There are 2 protein chains.
Amino acid sequence: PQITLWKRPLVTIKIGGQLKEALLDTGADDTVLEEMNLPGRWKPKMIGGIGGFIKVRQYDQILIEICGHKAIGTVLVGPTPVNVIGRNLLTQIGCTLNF
Amino acid sequence: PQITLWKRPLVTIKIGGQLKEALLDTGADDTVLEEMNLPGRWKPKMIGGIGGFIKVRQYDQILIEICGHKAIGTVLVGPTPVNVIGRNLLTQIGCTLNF
Ligand SMILES: CCOP(=O)(COc1ccc(C[C@H](NC(=O)O[C@H]2CO[C@H]3OCC[C@H]32)[C@H](O)CN(CC(CC)CC)S(=O)(=O)c2ccc(CO)cc2)cc1)OCC
């Protein structure tokens with residue numbers, strides 16, 4: 001589909017057997033999601049943006065479905081104020097910017 | 001153009017007569033540039049990111065050309081980690097997400 005940017009580009013995703021809402025975010029290298037107790041091993045990480053850094057847990061090879069499009073890659077989990085789908089997963093669903 | 005997302009979507013912009021590099025950021029509501037000299041009045045503003053809030057200088061109705069496409073809109077100037085073009089100007093240049 002085509003998503004205009006008059007409003008935030010929010011979509012439903014499926015991850016860890018749960019449904020959530022997340023932003024399709026071309027400004028995020030990697031995907032960052034709200035606290036969720038995912039199974040498996042993880043590695044600590046710190047990620048920065050406007051305002052400074054937060055602590056997150058890096059999970060690898062996680063399956064996410066985004067508007068019916070399946071993808072598999074790194075998900076960072078922590079106290080983010082917003083769920084963002086980053087380029088690591090947007091590339092996998094064939095997402096481009098167009099103007 | 002059609003821009004894929006395997007790399008950061010960085011483009012050249014022109015503002016205040018100066019060229020700069022900026023990131024097309026669908027996750028940003030607003031356009032935030034690193035510290036720079038811009039002519040005209042400005043009002044102090046606060047904006048929040050992943051790590052908290054920062055103070056910016058808000059410049060309204062600023063001419064800015066993004067990858068060959070003109071916009072005139074609000075530009076926030078302050079300690080952002082990187083120059084970002086947000087949705088307030090992405091809509092002006094007709095930018096959509098497509099997959
Ligand atoms: C419930 C209330 O939430 P809130 O207001 C904040 O909500 C938010 C809404 C959207 C975002 C997404 C963020 N956009 C953003 O910063 O936009 C600013 C300007 O425009 C305003 O609109 C939205 C906020 C304001 C950007 O797209 C992505 N970022 C990187 C860019 C930073 C500019 C480039 C380095 S990153 O997220 O930092 C990030 C860093 C590392 C990694 C791992 O690779 C992944 C993601 C973040 C928080 O609370 C405040 C305390």
Side-chain angles (χ1 to χ4, degrees), chain A residues 3 5-11 13 15 20-35 42 44-60 62 64 66 71 73-92 95 97, chain B residues 3 5-11 13 20-36 44 46-60 62 64 66 71 73-92 95 97:
Chain A
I3 304 181
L5 301 168
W6 298 114
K7 68 195 270 202
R8 294 187 169 218
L10 294 177
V11 301
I13 68 181
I15 175 178
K20 296 174 178 306
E21 296 254 78
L23 217 52
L24 300 176
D25 188 357
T26 62
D29 292 346
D30 283 309
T31 296
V32 191
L33 301 178
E34 61 181 88
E35 181 55 42
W42 52 272
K45 197 186 197 117
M46 280 179 72
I47 53 171
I50 284 177
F53 286 74
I54 60 171
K55 300 167 185 175
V56 299
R57 304 190 304 281
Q58 167 176 354
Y59 293 90
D60 298 320
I62 299 303
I64 306 186
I66 303 154
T74 292
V75 172
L76 312 174
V77 173
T80 176
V82 52
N83 292 339
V84 300
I85 309 300
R87 291 187 297 102
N88 75 302
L89 298 185
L90 296 171
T91 54
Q92 296 185 37
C95 189
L97 286 166
Chain B
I3 305 177
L5 294 174
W6 302 99
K7 310 197 323 183
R8 290 179 178 151
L10 292 163
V11 302
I13 69 177
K20 296 178 157 272
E21 191 165 66
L23 181 74
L24 308 174
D25 187 354
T26 54
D29 299 347
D30 304 310
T31 293
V32 190
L33 304 178
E34 299 185 288
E35 172 66 16
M36 68 168 292
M46 307 288 303
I47 57 164
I50 205 176
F53 284 80
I54 62 170
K55 299 161 73 291
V56 295
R57 312 190 322 261
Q58 176 173 332
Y59 296 85
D60 289 316
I62 289 288
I64 178 173
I66 304 156
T74 289
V75 174
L76 314 180
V77 177
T80 178
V82 302
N83 298 329
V84 296
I85 305 304
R87 293 189 293 102
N88 75 304
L89 303 181
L90 294 168
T91 55
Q92 288 203 18
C95 184
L97 291 163

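Order of the sequence lines fixes the chain letters, A, B, ..., with proteins taken first and strands second; residue numbering starts at 1 for each chain. Each ligand, and each atom within it, is numbered from 1 in the order the structure gives. Only heavy atoms go into these numbers, but all of them, side chains included; no hydrogens, no water, no symmetry mates.
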| Ion pair present between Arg57(B) and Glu35(B), side-chain N to carboxylate O less than 4.0 angstrom? | yes

| Side chain, backbone, both or neither: which part of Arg8(A) has a heavy atom under 4.0 Å from ligand 1? | side chain

| task | Pick one of side chain, backbone, both or neither for how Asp29(A) approaches ligand 1, counting any non-hydrogen atom pair under 4.0 Å. | result | both

| query | Is it true that the side chains of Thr74(A) and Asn88(A) contain a donor and an acceptor less than 3.5 Å apart? | reply | no

From [X] [atom1] over to [Y] [atom2], what is the distance, rounded to the nearest 0.5 angstrom?
X        : Y        : atom1 : atom2 : answer
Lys7(A)  : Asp29(B) : NZ    : CG    : 13.0 Å
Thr26(A) : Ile3(B)  : OG1   : CD1   : 9.0 Å
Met46(A) : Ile54(A) : CE    : CD1   : 9.0 Å

Quick one: which ligand 1 atoms are inside 4.0 Å of a heavy atom on [X]?
X        : value
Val84(B) : 33 (C)
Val82(B) : 34 (C), 35 (C)
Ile50(B) : 37 (O), 38 (O), 47 (C), 48 (C)

| Any N or O on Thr80(B) sitting closer than 3.5 Å to an N or O of ligand 1? | no

| Minimum non-hydrogen distance to atom 2 (C) of ligand 1, winning option of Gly52(A), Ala28(A), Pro81(A) | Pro81(A)

| task | Report the member of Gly48(A), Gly49(A), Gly27(A) with the shortest heavy-atom distance to atom 41 (C) of ligand 1. | result | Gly48(A)

| query | What's the verdict on side chain to side chain contact (heavy atoms under 4.5 Å, CB included) for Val84(A) and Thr31(A), showing C-alpha distance, side-chain angles and the deciding distance? | reply | CA-CA 6 Å; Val84(A) 300; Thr31(A) 296; 5.8 Å; no

